[PDB]
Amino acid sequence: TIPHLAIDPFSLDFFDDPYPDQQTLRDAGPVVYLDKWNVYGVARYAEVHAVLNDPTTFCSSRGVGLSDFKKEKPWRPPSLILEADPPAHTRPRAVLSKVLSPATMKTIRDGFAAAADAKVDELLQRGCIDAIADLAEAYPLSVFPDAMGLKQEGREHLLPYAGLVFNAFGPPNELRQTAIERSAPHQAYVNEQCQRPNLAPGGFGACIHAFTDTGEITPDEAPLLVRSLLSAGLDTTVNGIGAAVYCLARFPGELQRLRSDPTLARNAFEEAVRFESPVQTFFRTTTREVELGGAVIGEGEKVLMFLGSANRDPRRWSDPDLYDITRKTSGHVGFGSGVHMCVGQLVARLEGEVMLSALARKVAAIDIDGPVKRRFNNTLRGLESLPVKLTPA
């Protein structure tokens, strides 16, 4: 018997306060059935980790949102990387892994760190700033579109295009419907920027298109791979940085430990990813009967993984509701796990580290001062507005 729960993890009330319900999702049993969306769910670390690490049984090619692409029309042409299984997955994965490699990171690191220090110096001139518009959004907007080689015009579409992508993995609720109704101008902007003549030399976009020259990908595949980094590579980093600042603001003792040792920046960012989990959920579809958490699930069944919940499961983590910058974070699933584990994670940690290093060296206190506003999305967790006073060191 699988416990049935009436919890809607894509409701606004859930997003506004997910932690009691994520507890119930873990504590009802290792596998649950959600009445609202007629789907099975796993919320504990053990099951989440196990499902991510068996892609043959728990496939991604039938979609990693609620929609089963074997039965339903995808809202757009599927991603060649996220919505593919090995072996088809492997060549696109290899392309993007090379494009966002450690060696690539070394070549852009100094520019990113200089941008982050300039950003923080400038916020300190105003003092009262919005840690989302002025920092978690503005910083990645200042580095990532340029690292891609995007033109200046139309960049206002990038944040809402990714809200659309992340809303679309959800169930058919109002967030998802309104996003698709409003999608056409964002998709048109992204489609044009995926084309080879629109991507500046030296940037990730042109680097992807250079794989056509050796035959490693076709000219039809290359724009779809650029489209993956424009879908996945901005709003996630915005929300991880936003999380990290919100954590440092709510946990003033941790900000003082980071000031005491700025080399903790990279880990303080990793721990914000665990603690907030910007990507809260993904689905897989079984490709055979499987025993999961003691229950036998049939072939062809969607399974929802609660990544945020797994990252707070007291089965795996000591004091999971505490933000601890020296936590051993290795093994969190905020970037996934296994063959699809975030191929952009070094870009994310690069941005997060240099920004928290700049904060570590320049700022003495971060105090929330003004109303905090959450942004609701089917898959992304983050704030719309976080008004803070920054006190210079």
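The first residue of the sequence shown is number 1, and the count goes up from there. We call the rigid core the largest set of C-alpha positions that still match within 1.5 Å between the two forms.
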Exercise. Which is farther from the shown form in 6 other deposited structures of this protein in C-alpha RMS with the core fitted, 314 to 322 or 204 to 212?
Worked result: 204 to 212
Exercise. Do you reckon 304 to 312 or 213 to 221 strays further from the shown form in 6 other deposited structures of this protein, measuring C-alpha RMS after a core fit?
Worked result: 213 to 221
Problem set entry | Greater mean Cα temperature factor according to the PDB record, 50 to 58 or 26 to 34 | 26 to 34
Seminar exercise, completed: Higher avg CA temperature factor (169 to 177 vs 292 to 300, as deposited) belongs to 292 to 300
Seminar exercise, completed: From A114, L225, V279, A310, the top C-alpha temperature factor is at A114
Exercise. When the CA B-factors of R76, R315, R93, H186 are compared as recorded in the entry, which is the largest?
Worked result: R315
Problem set entry | Within-chain third of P160 by Cα B-factor, per the entry | lowest
Exercise. Going by what the PDB entry lists, where does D367 fall on CA B-factor within its chain: lowest, middle or highest third?
Worked result: highest
Problem set entry | Third of the chain, ranked by Cα B-factor, where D68 sits | lowest
Exercise. Sorting the chain's CA B-factors, does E83 end up in the lowest, middle or highest third?
Worked result: lowest
For this session: Sorting the chain's modelled residues by C-alpha B-factor, tell me whether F283 ends up in the lowest, middle or highest third.
Result: lowest
